[PDB]
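Shown next, in structure tokens, is the structure this report addresses.
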Amino acid sequence: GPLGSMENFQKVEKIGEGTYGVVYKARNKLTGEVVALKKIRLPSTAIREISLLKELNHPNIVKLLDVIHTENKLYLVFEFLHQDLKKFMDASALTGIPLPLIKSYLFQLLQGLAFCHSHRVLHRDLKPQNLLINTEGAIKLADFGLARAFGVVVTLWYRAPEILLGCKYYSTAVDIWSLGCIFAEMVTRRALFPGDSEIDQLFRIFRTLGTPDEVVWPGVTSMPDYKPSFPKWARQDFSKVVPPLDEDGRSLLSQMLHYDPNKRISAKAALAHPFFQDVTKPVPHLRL
Ligand SMILES: CCS(=O)(=O)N1CCC(NC(=O)c2[nH]ncc2NC(=O)c2c(F)ccc(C3CCOCC3)c2F)CC1
């Protein structure tokens, strides 16, 4: 659209770029605020979707402050946070993130998800780099994926099996799956399912959880991309998958990784799991 609408913002650094667009750190020249700017290069559905997201205000969701259309670009102004979970896990890789902080982050993300999901809002794209942390121990959901993307990276590792099997109308359960994969990664300091193609992702899931069938996932053999020629792997023990997670955490993770989206635990039920009886909010050691 029109010109000059972004002149109030001074870009201070390009944080990254990719399939999502470009992310900048910026300063409002008139108010002095430090914000993140997302730039999308150039849709009625997306306007409605983005408008609803601006109304979703929750401690564990990165606040979307403004939406500005200028030239061939759409800019989204977000509250700034200084670090993502990927960098924090890398920085913690020698010692591990202490379990109380893992549990705090997992709890808070389930709160954010239960809130989104109660509004029928899906994130769709959860991974460590979509999770931002601050010095006060908060963690926040960032860069929600829309039902219809728009605009002119091995983002497979956290994708739910129903997406890989061609489900067109998937559910909030896909976010619970992704968060389970992130939970396991925080505990073990390795990606749970580090696939490098859609089929390698699916087959890594199958080799660990067992090839799904109609007993554990009714309807699976009818899904658009299921092939009867899928190899039949046996399931392994969770004691092998995420050691040394205690049995409360293994139990919760098992429910987050159910094949059947009808059986996979909801964010709301997950908040009640006994793993969270002793949840606290620790302060992370954050180097900025
Ligand atoms: C070594 C890097 S860092 O750990 O030091 N760090 C320093 C700077 C930090 N802050 C922010 O980006 C930030 N603050 N408020 C909002 C916000 N971003 C976003 O809201 C955001 C976006 F609009 C589009 C795409 C992505 C991800 C980009 C990566 O791919 C997955 C999607 C986003 F996050 C994050 C990382």
Side-chain angles (χ1 to χ4, degrees), residues 15-16 20 23 25 34-36 38 53 56-65 76 78-93 95-119 121-145 155 157-158 172 174-192 242 245 248-249 252-253 256 265-273 275-288:
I15 297 163
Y20 54 79
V23 174
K25 185 177 178 174
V34 171
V35 295
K38 185 197 178 172
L53 285 165
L56 291 174
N57 267 36
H58 192 278
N60 303 111
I61 297 170
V62 178
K63 176 174 190 223
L64 162 54
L65 297 177
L76 277 58
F78 291 106
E79 78 170 311
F80 185 81
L81 288 83
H82 287 84
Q83 193 166 114
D84 64 39
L85 185 65
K86 175 30 38 194
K87 174 168 174 174
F88 183 69
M89 288 158 99
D90 291 350
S92 306
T95 60
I97 299 159
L99 184 64
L101 184 54
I102 298 187
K103 182 177 304 190
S104 177
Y105 282 168
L106 182 63
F107 191 76
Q108 294 179 62
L109 290 173
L110 286 160
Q111 283 174 307
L113 265 40
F115 173 80
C116 291
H117 295 164
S118 72
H119 289 97
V121 164
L122 284 66
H123 187 288
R124 298 182 174 79
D125 286 313
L126 277 177
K127 44 192 178 302
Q129 309 96 285
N130 284 73
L131 304 170
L132 309 180
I133 54 171
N134 61 26
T135 56
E136 281 155 88
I139 183 154
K140 306 204 186 187
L141 299 152
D143 199 37
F144 284 67
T155 177
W157 292 4
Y158 311 89
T172 58
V174 308
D175 293 335
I176 297 308
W177 178 280
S178 310
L179 185 64
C181 295
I182 296 166
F183 178 22
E185 189 174 334
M186 285 193 279
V187 176
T188 61
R189 302 174 238 157
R190 285 259 186 286
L192 182 59
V242 295
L245 193 52
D248 276 330
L252 172 57
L253 178 68
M256 294 180 69
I265 190 162
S266 65
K268 155 182 226 303
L271 292 169
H273 193 280
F275 185 62
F276 293 120
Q277 57 114 36
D278 66 356
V279 194
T280 67
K281 191 173 165 190
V283 174
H285 259 315
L286 252 191
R287 172 57 64 241
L288 308 177

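For reference, positions follow the sequence shown, starting with 1.
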Hey, does [Y] have a side-chain heavy atom less than 4.5 Å from the side chain of [X]?
X: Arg189; Y: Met89; result: no
X: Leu109; Y: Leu141; result: yes
X: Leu106; Y: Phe275; result: yes
X: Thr155; Y: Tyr20; result: no
X: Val283; Y: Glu136; result: no
X: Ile182; Y: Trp157; result: no
X: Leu56; Y: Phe144; result: no
X: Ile139; Y: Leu85; result: yes

Nearest non-hydrogen partners of [X] and [Y], listed with the distance:
X: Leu252; Y: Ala270; answer: CD1-CB, 4.0 Å
X: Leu271; Y: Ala114; answer: CD1-CB, 4.3 Å
X: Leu245; Y: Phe183; answer: CD2-CZ, 3.6 Å

query: Listed by chain and number, what are the salt bridge (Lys or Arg N to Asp or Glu O under 4.0 Å) partners of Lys103, not counting sequence neighbours?
result: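 Testing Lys103 for salt bridge (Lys or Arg N to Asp or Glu O under 4.0 Å), a comparison that skips the adjacent residues, returns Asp278.
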- request: Go through the structure and list residues passing salt bridge (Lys or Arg N to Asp or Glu O under 4.0 Å) with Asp84, not counting sequence neighbours.
  value: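 Salt bridge (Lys or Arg N to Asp or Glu O under 4.0 Å) check on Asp84 returns nothing, list empty.
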- request: Take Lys63 and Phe78 through the side chain to side chain contact (heavy atoms under 4.5 Å, CB included) test and state the conclusion after the steps.
  value: CA-CA 6 Å; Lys63 176 174 190 223; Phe78 291 106; over 6 Å; no
Taking the side chain from [X] and the backbone from [Y], do they hold a donor-acceptor pair closer than 3.5 Å?
X: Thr188; Y: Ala184; value: yes
X: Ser178; Y: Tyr158; value: yes
X: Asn134; Y: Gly137; value: yes
X: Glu185; Y: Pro128; value: no
X: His82; Y: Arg287; value: no

task: With side chain to side chain contact (heavy atoms under 4.5 Å, CB included) as the test, would you mind laying out the steps for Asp90 and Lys87 before giving the verdict?
output: CA-CA 5 Å; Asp90 291 350; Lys87 174 168 174 174; 5.6 Å; no
Rounded to the nearest 0.5 Å, what separates atom [atom1] in [X] from atom [atom2] in [Y]?
X: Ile176; Y: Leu110; atom1: CD1; atom2: CG; answer: 5.5 Å
X: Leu131; Y: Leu179; atom1: CG; atom2: CG; answer: 7.5 Å
X: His273; Y: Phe107; atom1: NE2; atom2: CZ; answer: 13.0 Å
X: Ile97; Y: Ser92; atom1: CD1; atom2: OG; answer: 4.5 Å
X: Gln83; Y: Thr135; atom1: CD; atom2: OG1; answer: 11.0 Å
X: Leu101; Y: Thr280; atom1: CG; atom2: OG1; answer: 8.5 Å

message: Run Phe80 and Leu132 through side chain to side chain contact (heavy atoms under 4.5 Å, CB included) and show every step you take.
response: CA-CA 9 Å; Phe80 185 81; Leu132 309 180; over 6 Å; no
query: side-chain contact (heavy atoms from CB on, under 4.5 Å) with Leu253: which of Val242, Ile265, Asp248?
result: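 So the option named by the test is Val242.
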message: Are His117 and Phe115, when compared by the centres of their aromatic rings, separated by less than 6.0 Å?
response: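 Ring centroids of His117 and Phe115 are no less than 6.0 Å from each other.
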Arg124/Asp175 salt bridge by N-O under 4.0 Å criterion: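 No, this pair does not count.
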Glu79 with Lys140: basic N within carboxylate O range, under 4.0 Å: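 Here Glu79 pairs with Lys140 in a salt bridge, since their nearest N and O are under 4.0 Å apart.
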